[PDB]
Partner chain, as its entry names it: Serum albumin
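Just one chain is shown here, as C-alpha coordinates, and it is the form solved without the partner chain.
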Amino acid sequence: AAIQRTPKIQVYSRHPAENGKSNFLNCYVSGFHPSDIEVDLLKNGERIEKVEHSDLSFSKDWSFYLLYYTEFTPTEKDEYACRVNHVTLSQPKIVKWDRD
(Lines give C-alpha, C1' and ligand atoms only; values in the text may rest on other atoms or scores of the structure.)
Protein backbone atom coordinates (compact mmCIF):
# COMPACT_ATOMS: atom_id res chain seq x y z
CA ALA A 1 0.00 0.00 0.00
CA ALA A 2 0.86 3.65 -0.49
CA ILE A 3 -0.82 6.89 0.38
CA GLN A 4 -0.90 9.85 -1.99
CA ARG A 5 -1.64 13.29 -0.61
CA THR A 6 -2.35 16.38 -2.69
CA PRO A 7 -0.13 19.39 -1.92
CA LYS A 8 -1.65 22.44 -0.28
CA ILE A 9 -0.28 25.72 -1.73
CA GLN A 10 -0.38 29.00 0.26
CA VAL A 11 1.11 32.23 -1.12
CA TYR A 12 1.72 35.19 1.21
CA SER A 13 4.12 38.11 1.58
CA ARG A 14 6.43 38.62 4.57
CA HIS A 15 5.59 42.33 4.85
CA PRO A 16 2.62 44.40 3.60
CA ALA A 17 2.60 44.79 -0.18
CA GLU A 18 4.14 48.27 0.05
CA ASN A 19 4.03 48.90 -3.67
CA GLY A 20 7.65 49.86 -4.41
CA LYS A 21 9.45 48.68 -1.23
CA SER A 22 11.47 45.50 -0.88
CA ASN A 23 9.58 42.46 0.41
CA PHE A 24 9.56 38.63 0.44
CA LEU A 25 7.10 36.36 -1.35
CA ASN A 26 6.53 32.96 0.26
CA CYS A 27 4.91 29.83 -1.24
CA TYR A 28 4.24 27.24 1.50
CA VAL A 29 3.65 23.78 -0.04
CA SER A 30 2.45 21.38 2.67
CA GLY A 31 0.70 18.08 3.23
CA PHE A 32 1.85 16.26 0.10
CA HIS A 33 3.11 12.76 -0.48
CA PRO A 34 5.22 11.32 -2.14
CA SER A 35 8.16 13.71 -1.83
CA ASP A 36 8.93 14.46 -5.46
CA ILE A 37 7.34 17.88 -6.27
CA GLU A 38 8.09 20.76 -8.66
CA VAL A 39 7.55 24.25 -7.16
CA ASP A 40 8.21 27.48 -9.09
CA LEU A 41 7.64 31.11 -8.24
CA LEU A 42 6.30 32.98 -11.27
CA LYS A 43 6.46 36.75 -11.90
CA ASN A 44 4.06 37.65 -14.76
CA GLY A 45 4.25 34.03 -16.04
CA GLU A 46 8.01 33.39 -16.24
CA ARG A 47 9.88 31.38 -13.62
CA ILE A 48 11.95 33.38 -11.09
CA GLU A 49 15.57 32.18 -11.03
CA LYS A 50 16.71 33.60 -7.69
CA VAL A 51 14.43 31.42 -5.53
CA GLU A 52 15.25 29.63 -2.25
CA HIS A 53 13.56 26.91 -0.27
CA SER A 54 13.70 25.21 3.09
CA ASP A 55 15.10 21.71 3.43
CA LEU A 56 12.49 19.02 2.91
CA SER A 57 10.64 18.03 6.03
CA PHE A 58 7.56 16.04 6.99
CA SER A 59 4.74 16.42 9.51
CA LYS A 60 3.42 13.79 11.95
CA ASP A 61 1.26 12.06 9.27
CA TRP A 62 4.52 11.81 7.27
CA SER A 63 3.29 14.36 4.68
CA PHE A 64 5.95 16.68 3.38
CA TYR A 65 6.20 20.48 3.58
CA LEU A 66 8.49 23.08 1.96
CA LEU A 67 8.81 26.85 2.09
CA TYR A 68 9.87 28.53 -1.14
CA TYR A 69 10.66 32.26 -0.81
CA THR A 70 12.09 35.07 -2.88
CA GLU A 71 12.95 38.76 -2.40
CA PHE A 72 10.84 40.96 -4.62
CA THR A 73 9.70 44.53 -5.16
CA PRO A 74 5.95 44.54 -5.95
CA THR A 75 4.62 46.91 -8.60
CA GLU A 76 1.13 47.70 -9.84
CA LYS A 77 2.00 46.20 -13.22
CA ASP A 78 3.25 42.83 -11.82
CA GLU A 79 1.36 39.69 -10.87
CA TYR A 80 3.00 36.92 -8.87
CA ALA A 81 2.10 33.23 -8.48
CA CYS A 82 3.25 29.84 -7.27
CA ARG A 83 3.02 26.84 -9.61
CA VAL A 84 3.40 23.34 -8.21
CA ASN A 85 3.33 20.02 -10.09
CA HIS A 86 2.86 16.76 -8.18
CA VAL A 87 1.75 13.27 -9.07
CA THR A 88 -1.62 14.04 -7.46
CA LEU A 89 -2.08 16.89 -9.97
CA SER A 90 -3.00 16.10 -13.58
CA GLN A 91 -2.02 19.56 -14.76
CA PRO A 92 0.20 21.97 -12.72
CA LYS A 93 -1.67 23.94 -10.08
CA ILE A 94 -1.06 27.70 -10.00
CA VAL A 95 -2.04 29.92 -7.07
CA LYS A 96 -1.73 33.65 -7.74
CA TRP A 97 -0.58 36.06 -5.01
CA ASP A 98 -3.38 38.48 -4.02
CA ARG A 99 -2.36 41.94 -2.74
CA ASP A 100 -4.75 41.83 0.27
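Positions refer to the first chain, counted from 1.
In this entry, the higher average B-factor at the C-alpha atoms falls on 41 to 49, of the pair 61 to 69 and 41 to 49. Stretches compared: 4 to 12, 90 to 98. Higher mean C-alpha B-factor in the entry: 90 to 98. Sorting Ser35, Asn26, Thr75, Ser30 by the CA temperature factor given in the entry leaves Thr75 at the top.
This protein has a second form, the form solved in complex with the partner chain, left out of what is shown; the following refers to that one.
Residues of 41 to 72 that come within 4.5 Å of the partner chain in the entry with it bound, judged by any heavy atom, are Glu52, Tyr69, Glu71 in sequence order.
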